[PDB]
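Residue numbers (full-length UniProt numbering), protein chains in the order written: chain A, 1 to 208, 221 to 348; chain B, 3 to 306; chain C, 26 to 98; chain D, 4 to 127; chain E, 3 to 65, 80 to 125, 141 to 161; chain F, 52 to 191; chain G, 1 to 125.
Presented below is the structure to which this report refers.
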Amino acid sequence: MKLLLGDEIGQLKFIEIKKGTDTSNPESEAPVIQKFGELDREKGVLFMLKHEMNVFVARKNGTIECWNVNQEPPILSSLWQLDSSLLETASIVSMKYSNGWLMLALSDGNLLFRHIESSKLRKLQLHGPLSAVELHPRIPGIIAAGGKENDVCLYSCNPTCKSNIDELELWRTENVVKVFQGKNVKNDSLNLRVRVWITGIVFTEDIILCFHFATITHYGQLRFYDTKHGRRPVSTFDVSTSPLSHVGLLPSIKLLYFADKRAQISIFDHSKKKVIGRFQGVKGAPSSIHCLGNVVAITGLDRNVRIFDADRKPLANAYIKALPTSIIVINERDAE
Amino acid sequence: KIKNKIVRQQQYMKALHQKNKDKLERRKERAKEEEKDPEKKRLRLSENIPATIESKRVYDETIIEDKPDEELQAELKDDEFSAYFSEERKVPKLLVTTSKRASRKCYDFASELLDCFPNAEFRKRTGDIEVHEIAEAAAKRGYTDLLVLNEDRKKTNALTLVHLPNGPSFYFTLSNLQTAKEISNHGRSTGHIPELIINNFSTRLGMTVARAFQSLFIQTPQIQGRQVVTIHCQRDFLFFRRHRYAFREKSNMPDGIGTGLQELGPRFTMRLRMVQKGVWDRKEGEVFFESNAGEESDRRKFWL
Amino acid sequence: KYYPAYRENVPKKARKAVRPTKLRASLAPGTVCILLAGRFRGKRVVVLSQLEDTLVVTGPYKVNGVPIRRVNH
Amino acid sequence: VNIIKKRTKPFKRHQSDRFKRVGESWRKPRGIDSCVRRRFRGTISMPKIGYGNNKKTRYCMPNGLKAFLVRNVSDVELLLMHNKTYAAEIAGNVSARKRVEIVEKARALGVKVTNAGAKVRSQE
Amino acid sequence: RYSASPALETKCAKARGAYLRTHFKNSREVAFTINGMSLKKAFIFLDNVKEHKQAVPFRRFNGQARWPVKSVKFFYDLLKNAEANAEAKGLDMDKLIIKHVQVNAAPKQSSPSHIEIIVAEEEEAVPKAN
Amino acid sequence: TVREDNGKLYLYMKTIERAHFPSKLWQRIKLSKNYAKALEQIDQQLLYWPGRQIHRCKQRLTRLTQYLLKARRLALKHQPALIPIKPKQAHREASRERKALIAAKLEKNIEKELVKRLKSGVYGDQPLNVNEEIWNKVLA
Amino acid sequence: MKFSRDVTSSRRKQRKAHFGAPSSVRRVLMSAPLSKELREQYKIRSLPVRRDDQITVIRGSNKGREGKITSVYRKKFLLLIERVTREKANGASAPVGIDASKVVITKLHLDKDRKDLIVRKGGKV
RNA sequence: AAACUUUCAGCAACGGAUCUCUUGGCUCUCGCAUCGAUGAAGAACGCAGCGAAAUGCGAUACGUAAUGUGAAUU
RNA sequence: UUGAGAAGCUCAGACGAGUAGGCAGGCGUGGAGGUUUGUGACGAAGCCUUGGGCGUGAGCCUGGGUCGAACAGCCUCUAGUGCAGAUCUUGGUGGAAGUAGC
RNA sequence: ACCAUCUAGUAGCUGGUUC
RNA sequence: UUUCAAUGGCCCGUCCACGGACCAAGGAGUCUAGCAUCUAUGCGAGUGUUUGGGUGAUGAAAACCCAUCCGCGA
RNA sequence: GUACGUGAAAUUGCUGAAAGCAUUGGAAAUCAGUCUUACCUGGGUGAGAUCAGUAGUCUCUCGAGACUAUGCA
């Protein structure tokens with residue numbers, strides 16, 4: 001398993017860990033680690049997009065970089081910068097790739113899109129505080145945004161779906177219109193309005221147009237949606253008491269996972285409407301979880317990297333000294 | 003195996019007596035051949051070291067080597083506690099507070115904690131203010147660390163401290179809390195700033211706690227007062243003691259010089275239960291370290 | 026929350042009407058009375074008026090330093 | 004009404020202090036020459052019906068409420084209509100899991116709990 | 003457990019003997035005598051009692081002074097053990113003071144006794160810096 | 052009777068003519084959140100019933116409303132967690148501490164560290180605490 | 001519910017019969033479930049344990065461990081497994097025994113008698 | 001003042017109560033019919049495991065043959 | 001006006017020593033049936049306790065300590081069911097006493 | 001003389017008889 | 001709770017005497033047949049199945065059923 | 001820790017404090033529990049539902065509950 005990870009001090013570590021590696025056992029061999037990048041806390045890594053083989057890395061100051069991992073160690077293939085005026089009050093909150101477009105959503109709602117080849121940069125304005133924004137995998141030009149006291153909205157750049165749209169005309173300010181807006185659920189038994197604070201968004205139509225996405229909130233609520241059925245969530249589950257950190261999909265078992273800020277990572281079975289197992293042996297909040305094939309990489313505040321499979325069987329484990337901030341799986345298969 | 007109680011007690015007695023006889027005979031013959039040949043006396047003494055929990059401590063790779071590490075020092079020079087350890091040398095300002103509606107027993111211990119720290123305040127907790135609200139309020143009022151002494155049922159059982167404004171927050175459970183009256187051969191503290199000594203914090207999590215305790219004390223002790231505050235971590239139990247020390251002669255000491263300790267108080271112990279990254283919120287705090295009780299049953303496994 | 030939830034033992038109508046207090050005969054306004062209790066015990070004070078229960082009395086503030094205060098008869 | 008107690012001392016058995024074999028539970032003195040049964044001066048008192056307390060404030064704790072022993076959450080919900088008249092008391096054999104659930108429920112119900120601080124800690 | 007903890011662990015040493023074939027009453031009077039002394043003085047006192055120099059006074063079981085040889089022999093060895101326990105514990109030998117010596121009865125098998148001794152270092156007060 | 056369900060109060064009625072059908076024995080109506088309307092609903096559904104039976108239903112509605120009110124207001128307020136005490140963990144912890152305190156050797160650890168601090172001279176050239184006679188052996 | 005007055009429901013008799021069972025009876029009392037695959041290919045739910053059987057520990061402190069049964073300690077109804085031991089104070093590795101029901105057989109030591117037992121007990125080798 | 005004497009509290013002994021257990025007793029029911037001159041019951045003496053103040057066995061001495069389970073005994 | 005456990009609630013007045021002896025109502029223990037959607041390894045029972053509470057009482061409830069596997073309320077059934085003493089039985093332990101004495 | 005049953009031999013009597 | 005003060009206070013049971021060193025545990029109107037009264041219950045010029053027979057597939061020593069007598073009453 | 005589950009009382013040692021049966025109170029030590037946050041009223045802002053000069057589904061018996069949309073007067 002080849003993986004690489006970024007710390008809060010901005011350093012990048014490429015780990016060549018093999019199955020069975022467990023640092024807590026003296027007899028196990030330590031994983032092969034080579035490190036590169038800046039050593040400043042002001043330039044810490046935030047997000048670690050995987051543009052197939054190429055990898056996009058964010059920084060606390062916005063110094064986006066681009067490393068090709070076909071070469072060992074990866075080299076800085078491209079470097080991009082963001083204006084310092086956009087970092088005075090806001091903060092980078094997500095980064096996703098969609099048909100040759102890189103997204104650098106800000107907390108305040110600024111939506112920065114940069115084309116890969118043409119290097120065209122477009123700014124989009126949105127609603128208030130943003131905490132989670134996602135991009136549709138299949139359908140081009142679909143944006144799902146949500147934040148604290150801000151319901152999920154679907155800003156469809158194109159009215160129809162088709163199968164492909166030319167890249168230049170995408171993401172224009174005058175072409176994006178919201179085609180969906182979440183409606184808050186009814187008040188609870190105590191007649192207290194249910195607070196809304198979206199924290200993660202995932203599109204679950206492949207495992208369940222015709223948008224079928226799932227969100228997770230700051231109040232430990234995992235809400236599934238079906239835009240055809242209605243604006244309110246189709247189903248709601250209180251999967252945790254702690255704020256849910258981030259949500260995603262597991263391609264191997266065709267299922268969904270989520271994590272909260274109390275070191276709890278579990279997989280949710282929409283088919284049975286219940287949580288079916290958990291990723292044991294994790295301490296500290298999981299900073300980022302990446303899945304690729306039949307493997308999952310969890311990195312957290314325990315300064316460890318935990319490698320499980322989609323069946324929640326612990327495959328490998330290692331210590332990385334410094335405090336991490338994101339993970340990414342390059343090679344699912346073993347070292348040999 | 004013998005289901006007759008008396009016989010099994012007589013069978014053990016015969017077994018014990020024979021076991022004691024032949025272990026004495028082995029010891030006696032070994033003693034005779036060691037005094038005759040010292041080359042095996044210290045030969046045995048160099049390998050047959052008695053085992054102890056600390057020597058049989060389970061392996062953890064998070065234990066940092068005594069040699070300096072660049073990566074650790076890179077992470078420690080710009081973190082939350084950096085303003086205390088950098089050239090700025092920001093003087094700590096402590097805020098001490100109890101849980102809501104505490105008793106005189108809580109204050110009789112809070113006063114001792116106040117004695118341990120010069121320039122440390124104490125605002126009685128009143129009304130509907132919360133730990134996440136005091137932290138914001140104390141942040142704008144120039145405070146840099148807020149300690150909340152939790153009691154219920156007339157006993158101070160916990161102590162949560164938050165590093166202001168968003169520094170890591172630690173949750174401790176105090177135990178064996180003794181006041182200066184309860185200590186035999188105590189003393190009366192003076193106004194001199196104490197000197198802090200910290201021992202046995204090998205793990206990297208230990209340094210996060212050690213820096214948190216270091217940041218409480220003024221960085222320049224008044225040596226002329228010879229007051230020393232000790233924070234010692236043994237088997238994850240953190241012991242807090244305060245002493246008065248005076249150097250004098252000591253024949254048993256290696257260099258002939260040794261110090262006499264007179265305890266000042268307060269005397270107590272802590273266990274680190276929770277570490278959060280940010281202001282202490284019990285329900286929504288980002289857990290840096292949670293103490294799993296079932297994993298602490300291994301007496302050889304420590305996280306501090 | 027308004028319909029009573031309990032037995033609500035309503036008090037029987039007490040027949041204790043409030044009548045004006047008959048003070049002493051010697052507590053006429055303008056007399057000098059010795060204060061017996063309070064911070065100003067032992068002070069001699071001129072009575073101004075006869076309140077419903079107390080006497081509004083005051084020592085001439087330039088004389089004994091006893092401000093305008095009530096005192097029980 | 005105020006909770007008036009005619010007597011506050013226990014009715015110790017005669018000569019319960021002299022002997023450890025003699026317990027302090029009350030036993031009527033069956034003896035026919037017993038001076039104390041004869042109610043001489045200075046002799047210790049004996050349970051009479053006149054010490055019996057007021058039927059209106061019998062069984063009432065000093066705060067005017069009556070103890071109602073409770074074993075689970077379903078019991079505290081019975082005291083919904085009697086919270087000015089009764090106080091919940093958690094049994095000694097109820098675990099600390101249930102004790103928390105009993106106390107939290109009773110708090111909304113406006114019920115006083117006589118031993119709500121037992122077996123538990125505070126975290127705040 | 004030892005009955006009393008009159009010092010701190012780093013500054014004390016203990017030695018004990020259980021079911022010792024001696025007399026409980028004689029041991030109690032010897033224990034009362036040597037309680038509170040210093041290890042050097044107690045050693046001198048026990049040797050003196052052995053060689054008919056001083057007599058152990060009897061206060062509770064007087065029925080006065082006497083020279084119980086069996087009792088002092090047990091206390092001499094126990095104190096030697098406690099002194100050795102102070103060597104292994106890295107204690108000083110000039111401030112060693114018998115802090116808590118106690119004798120308890122043992123299961124009648141006679142009148143055997145259990146003896147426990149705790150020797151500590153002389154507590155001192157450092158001068159106040161004022 | 053009036054009883055709570057999912058934050059909403061209902062009036063439950065049973066009549067003698069459905070006594071032998073336990074499933075259909077009780078009928079249920081939903082009472083308004085408006086207190087005055089809810090009182091009017093109990094009067095309207097229970098008219099020509101005995102007065103003391105209507106009195107007892109309205110008493111229960113009052114006491115259930117206040118129960119719902121304090122339930123919400125406790126939810127809004129911040130209460131401490133009521134975390135249980137485990138006898139075995141506490142006993143084990145007390146045992147380990149006692150052994151860890153003994154194994155800590157606090158007085159020796161303080162003294163050895165403090166003397167080696169003096170030898171390294173972390174204090175001044177002649178520290179104020181140490182007197183002249185003792186400091187003579189520091190250099191020697 | 002038992003309906004036979006040949007079998008006893010007396011606890012005193014069941015406990016006496018269990019602990020005073022001879023070594024031939026104890027052979028059946030120490031039986032372990034087969035793994036799912038062996039259970040679904042040999043059509044037998046459970047077999048008495050044997051030496052040299054490959055098992056996995058399912059319950060207890062040694063959960064998840066595997067190994068071959070070095071011996072069967074029938075007197076104490078205990079199994080002994082390779083490398084599933086406990087280190088003594090002096091450094092010796094004293095083995096720890098586990099109940100036969102707390103393991104699962106993942107590879108059988110197939111003698112000819114087992115195969116005859118398999119076919120007899122509704123099995124297909 | 002102190003010892004001594006008493007009382008109280010703490011800790012350490014002493015003792016083995018209580019509580020919980022239980023391959024034991026007690027009681028009732030049901031089924032059956034089988035010791036010995038072809039050497040019984042009992043007693044002694046041996047044998048090897050051993051703890052024997054127990055057990056099994058008889059110079060083939062914890063038993064041999066045959067049968068069964070099928071791979072121990074500790 | 002809600003105050004029918006009609007075996008409930010409510011009004012009034014008088015009265016109060018007590019051996020033998022009579023009557024009534026209650027408290028407790030082991031086991032039985034039913035019941036409490038009963039309690040329990042987040043600690044049952046027991047025991048300890050200058051912690052608190054209830055009942056005139058028999059007694060009950062509870063906090064804390066100790067402990068480690070079972071227990072209880074309520075309605076009936078049942079009995080080897082309640083101790084201060086019998087120079088009671090058994091065990092344990094005292095003062096005599098480190099005395100008489102060897 | 002002793003031993004085992006009869007034997008829980010013979011009671012106007014003694015001592016005791018539990019919330 | 002301990003102690004002090006003022007006041008009162010003569011060892012308990014048993015029949016002067018007899019028992020009492022202390023503590024724990026055990027320790028005494030029981031079961032059964034007959035009779036008499038009283039109360040409750042069922043039926044009522046009747047009344048009582050349980051000697052026995054029938055029967056009981058969930059435990060079958062129970063519960064259910066009842067032929068011929070027989071008692072006591074008239 | 002085999003003088004081993006729990007471990008009572010009588011009883012013994014040590015340490016600490018005090019002193020040389022009941023009534024009532026003092027001194028010393030200790031302990032119980034003790035409330036503030038709510039009620040009403042007014043407005044602003046949004047929220048929804050038992051509201052809609054609103055549309056559907058399921059279970060019971062016109063309308064009674066449970067819902068899913070949509071709106072927030």
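Backbone N, C-alpha and C define an ideal beta-carbon position, used for all residues, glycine too.
Between the alpha carbons of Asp-283 of chain B and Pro-167 of chain B lies a distance of about 13 Å. As far as DSSP is concerned, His-54 of chain E takes part in no beta bridge. If you compare the alpha carbons of B:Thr-54, B:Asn-202, B:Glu-63 with that of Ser-28 of chain A, the shortest gap goes to B:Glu-63. At the C-beta level, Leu-157 of chain F and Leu-10 of chain E come within 9 Å of one another.
Between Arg-244 of chain B and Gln-229 of chain B, the beta carbon gap of about 7 Å places them in contact (Cβ cut-off 8 Å). Among the residues facing chain F, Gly-19 of chain E is not included, as its CB has no counterpart in that chain under 9 Å away.
Taken in chain order, the members of the stretch 16 to 47 of chain A whose beta-carbon sits within less than 7 Å of a beta-carbon on chain B are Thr-23, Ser-24, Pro-26, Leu-39, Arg-41.
DSSP lists A:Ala-132 as the beta-bridge partner residues of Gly-146 of chain A.
In the displayed model, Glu-197 of chain B falls within a strand according to three-state DSSP. Against chain A, a Cβ distance below 8 Å from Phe-242 of chain B picks out nothing, because the smallest value is about 26 Å. Under the criterion of beta carbons closer than 8 Å, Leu-274 of chain B and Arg-246 of chain B do not qualify as touching, at roughly 28 Å.
DSSP places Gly-262 of chain B within a strand segment (E or B) once states are collapsed to three.
At a beta-carbon threshold of 7 Å, the residues of chain B lying near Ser-125 of chain D are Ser-101, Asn-152, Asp-154, ordered along the chain.
As DSSP reads the structure, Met-84 of chain D sits in no beta bridge. Contact annotation for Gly-296 of chain A against chain B: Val-289, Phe-290, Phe-291 [CB-CB distance below 7 Å, chain order]. In the displayed model, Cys-303 of chain A falls within a strand according to three-state DSSP.
In this structure, DSSP gives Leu-29 of chain G a helical state, which the three-state scheme calls helix.
Residues of the stretch 96 to 125 of chain D with a C-beta atom less than 9 Å from some C-beta of chain B are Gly-120, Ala-121, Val-123, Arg-124, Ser-125, listed in chain order. Interface annotation, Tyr-86 of chain F: not in contact with chain D, CB-CB separation never under 9 Å. Nearest in C-alpha terms to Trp-171 of chain A, of all of A:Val-341, A:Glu-344, A:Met-103, is A:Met-103.
For the set B:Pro-94, B:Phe-219, B:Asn-201, B:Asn-121, the Cα lying nearest the Cα of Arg-237 of chain B is the one of B:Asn-201.
Taking a Cβ-Cβ threshold of 7 Å, the residues of chain F close to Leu-83 of chain D are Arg-114, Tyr-118, in chain order. Look at the beta carbons and you see the stretch 123 to 143 of chain F not touching the stretch 188 to 197 of chain B: under three pairs across the two are nearer than 8 Å. When rounded, the separation of the alpha-carbon atoms in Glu-117 of chain A and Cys-66 of chain A is 13 Å. For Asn-160 of chain F, there are no C-beta contacts with chain A under 8 Å, since the nearest C-beta of that chain is about 28 Å from it. As a beta-bridge residue in DSSP terms, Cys-235 of chain B pairs with B:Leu-240.
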